[PDB]
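To begin, one chain is listed below as C-alpha cells, in the form deposited without the RNA.
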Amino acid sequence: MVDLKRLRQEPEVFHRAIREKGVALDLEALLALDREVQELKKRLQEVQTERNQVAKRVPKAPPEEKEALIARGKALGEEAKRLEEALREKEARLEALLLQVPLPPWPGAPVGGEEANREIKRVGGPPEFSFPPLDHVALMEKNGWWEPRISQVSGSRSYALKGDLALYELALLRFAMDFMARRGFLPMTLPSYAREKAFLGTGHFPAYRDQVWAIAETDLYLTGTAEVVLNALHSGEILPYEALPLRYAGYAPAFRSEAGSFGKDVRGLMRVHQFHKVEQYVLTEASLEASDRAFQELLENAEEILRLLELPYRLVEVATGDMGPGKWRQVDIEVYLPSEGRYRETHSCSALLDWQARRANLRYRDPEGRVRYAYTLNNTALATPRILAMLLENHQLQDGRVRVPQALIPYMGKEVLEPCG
C-alpha cells in the first residue's frame, strides 16, 4: 500500500514503479476511478444534506405543503440510494486497484527480470572432489536417509527424512533459532495458518494468492512464510518509539502450493509443499538510515549462519521485475549446488519501507510525539529441507557419508552422518 496523496501528487514516480516492476496496472484508470469516487461522495453528501433540510422542514409544515415535502423527501431519498449504491461499487473497485500499486524500487536496482540480477559478492568456493561426487538424491538413496514411499501417501513435492538426516533437519532449525537468539532477535514458535487480513498485510494477497493453500470451510489459509504471522502481530497498535526496532526470529512450518512450478525442481529437497523455516523480521522507524542498517544486519546474520554451516555462497542484487510489488530492495543469498554446477537461492532479504505497514496498519510514536507508519524488513534465517541439498553435496565424503560442520557437532552429537541401516 502506497500513500494515495503521493499517488495523486506524483503519479509519474508510481508509473515508473509499475513499468519497471512489470505490474499489470493502469494508473490513469486508477486516478480517474478515484476522481469519480470523490465526485460521487460530494453529490451524495449534497443529497444527504438536502434530504436532512427537507426533513427539518416537515415538523414545521402545514398540510398542503407537507404533502409536497414528502414528495420531495422521497425523490431525494431515491437519488441518495442510487449515489450510495454506485459509490459502494466504485470504492470497492478502487480498493482492489490500490492494493496492486507497487513501491518504487531503490535507484540502484537492476532493471529487467531475473536476467538483470547481479552478483554482488562471492565467499567461498565449490569444493575440489578427489572422487566422483554424488548428488543429494543419490546420497539419500545410498544411505537410506529419505523415504520415497511418502510420494504415494502425500503426493509429489513431498519428502520424509529418516535416521540421522531426520535428526540433522531438527538440529539445523534449533541451531538457527539459537544463533538468532544470541544476535538479539526474540525467538518465537508460531502457527502456520492465518486469516486473510494477515496476507493482505504483507502483500501475499492479492498478487501471490495462487501460491497459498486455503484450509477448506474456514476463513484460514496456510502461510507460506512466518513473515505473514510476524507482520500481523501488531496491526492497529501504535508502538512506542523506544520499542524500535522490533526484531523477531520466528519459526513455523511453511506450506506453498507451488502453482506454476511445472517441472521445476521436481527432484529432491529443493521445492517442496511443506518445509520448516526460521524467519528474521524487523519493524523499525520510518527513516532510510534505519531500514539500511537493519537490511545490512539481516544479511550479515544469514552470511554468518552460512559461514558456520561452512557453505559457499554469493549475494545477488535482485532486479526490479523480480523483487515483487512491495520491495524497495532485495538481495538473495545463493549457495553452490555441485550437481547442478550453479548457485541456488537459500535466503531472500527484503526492505519494504512502509508498503506493508500501510496495508497491515503498523504504526509507532516517533521521538516528537508524531504517529507514523513503521518500515518493515525480513530475511530468511534458515529453511530446511533445501539447505540439506547443499550441505549433503558440499560435505560428502568418499564413502558417501556426509560430515557435519564444526558448529553443528554440539547439536548432532557426531561429526559424520551415518547410513540408516
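Rigid core: the largest C-alpha set superposing within 1.5 Å between the two forms. One-based numbering along the sequence shown.
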If you average the Cα B factors in the entry, which is higher, 327-335 or 88-96? 88-96
With B-factors read from the PDB entry, the higher C-alpha mean of 2-10 and 410-418 is in 2-10
Would you mind finding, among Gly341, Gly263, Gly108, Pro206, the residue with the largest C-alpha temperature factor in the entry? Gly263
Which is it among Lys42, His395, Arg358, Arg365: the one with the largest CA B-factor in the entry? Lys42
Would you mind ranking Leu382 by its C-alpha B-factor against the rest of the chain and naming the third, lowest, middle or highest? lowest
For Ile305, does the deposited CA B-factor place it in the lowest, middle or highest third of the chain? middle
The third of the chain into which the C-alpha temperature factor of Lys81 falls is the highest
Consider only the C-alpha atoms of the modelled residues in this chain, order them by B-factor as the entry records it, and name the third containing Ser130: lowest, middle or highest. highest
Assigned third (lowest, middle, highest) for the C-alpha B factor of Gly268: highest
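The same protein also has a form solved in complex with the RNA, omitted here; what follows describes it.
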Exactly one of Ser235, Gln296, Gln100, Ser151 has a non-hydrogen atom within 4.5 Å of the RNA in the bound PDB entry; which residue is it? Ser151
Only one of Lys142, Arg93, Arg267, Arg174 has a non-hydrogen atom within 4.5 angstroms of the RNA in the bound PDB entry; which is it? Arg267
Stretch from 285-293, 324-332, 198-206, 154-162 whose residues place a heavy atom within 4.5 Å of the RNA in the bound PDB entry: 154-162
Is there a non-hydrogen atom of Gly341 within 4.5 angstroms of a non-hydrogen atom of the RNA in the bound PDB entry? no
Would you please decide whether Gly263 lies within 4.5 angstroms of the RNA in the bound PDB entry, comparing each non-hydrogen atom pair? yes
Given a rigid core superposition of the two forms, which one of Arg149, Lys264, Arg182, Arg342 has its CA shift by 2 angstroms or more between the shown form and the other one? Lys264
